[PDB]
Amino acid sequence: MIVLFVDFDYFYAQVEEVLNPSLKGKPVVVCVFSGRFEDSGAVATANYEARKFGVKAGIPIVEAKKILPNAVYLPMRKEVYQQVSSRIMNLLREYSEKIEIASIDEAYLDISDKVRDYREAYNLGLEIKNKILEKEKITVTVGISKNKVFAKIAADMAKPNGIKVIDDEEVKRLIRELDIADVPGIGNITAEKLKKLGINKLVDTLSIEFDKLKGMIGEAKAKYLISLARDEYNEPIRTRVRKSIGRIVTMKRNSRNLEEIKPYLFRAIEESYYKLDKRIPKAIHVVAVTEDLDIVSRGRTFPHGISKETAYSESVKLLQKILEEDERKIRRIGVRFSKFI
């Protein structure tokens, strides 16, 4: 194929820069405040200014304020960003039928039936980067290659405000040279396992007895890596269908007291049903994060859709099944719905 991947640059923070251009050049930090104490919570993302000082997606806000006490700290306005993304996504649908929207700020475009080589594909990418920059004033990064994974690797390398092709011949090179922990899907727990077997490059998975590989990292990840190593990974650009909807909130204080937890759980069901927007679910899961930050959950599938009134009743049973079977106190509580009609 020919895949052109787009990922928006420091997206939530960049949208706050468009809406308030006096922030450009200072470090901007977009925060998810949790309500326990002043500045409790996590950073959703930060602009590249702030990243230079190690403030980035995932770290505590209190930690970010020690490093960069004079950054701008905004609360996340997810709905604002979703609407700007939808507009950018609508802009991208004008460059192929086949488009896979992979998150709030990425899309894969199968542009095979639309250009014939990589310099065509490179030019279309420059076109895409300029429209997005005219219509919405957002800079993005483009990766182009022969499949989705190496398109995404290409943008990862070219960040930020970049465009990069990985032709067939560097896909061969990267199969030998690229640190395997830079392959999408290889997080920290898989990486150290791969390295405990002396696997550092994609090509290294061809010279291992397969079941040692399957034994350590699981059957699906082994075939995934071997597929890329063999330059035969191909996966279609597909339309993504939302398979679950849910909400999880953080409680002012920890607790395993049912009457104390219920209002948070119930807010989370209420919001999930708004979000459900006429989709009807057969499955419900209750998710708790314990005081030691373990995640535990209890669900149930029904033979029929769940009314709101049933979700309320059943999620209290599933939360009690949690409080029965585990002794830790609860820090975060949420509900998730799946198996729509």
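All residue numbers refer to positions in the sequence shown, first residue = 1.
On mean C-alpha B-factor from the PDB entry, just flag whether 283 to 291 or 41 to 49 is the higher one.
Averaging CA B-factors over each stretch, the winner is 283 to 291.
Between 100 to 108 and 87 to 95, which has the larger average Cα B-factor in the PDB entry?
Result of the comparison: 87 to 95.
Among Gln82, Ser244, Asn200, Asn130, single out the one with the highest C-alpha B factor in the record, please.
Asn130 has the highest C-alpha B-factor of those listed.
Of the options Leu126, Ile186, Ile248, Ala158, which has the highest CA B factor as deposited?
That would be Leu126.
Is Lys56 in the lowest, middle or highest third of its chain when residues are ranked by C-alpha B-factor?
Lowest third, going by the recorded CA B-factors of the chain.
Is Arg267 in the lowest, middle or highest third of its chain when residues are ranked by C-alpha B-factor?
Lowest third - that is where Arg267 ends up once the chain's C-alpha B-factors are sorted.
Taking the entry's C-alpha B-factors for this chain, is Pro75 in the lowest, middle or highest third?
Its C-alpha B-factor belongs to the lowest third of this chain's values.
Once the chain's modelled residues are ordered by C-alpha B factor and cut into thirds, is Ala121 in the lowest, middle or highest one?
Highest third.
Ordered by C-alpha B-factor within the chain, which third holds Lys223? Give me lowest, middle or highest, please.
Its C-alpha B-factor, which the entry lists for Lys223, ranks in the lowest third among residues of this chain.
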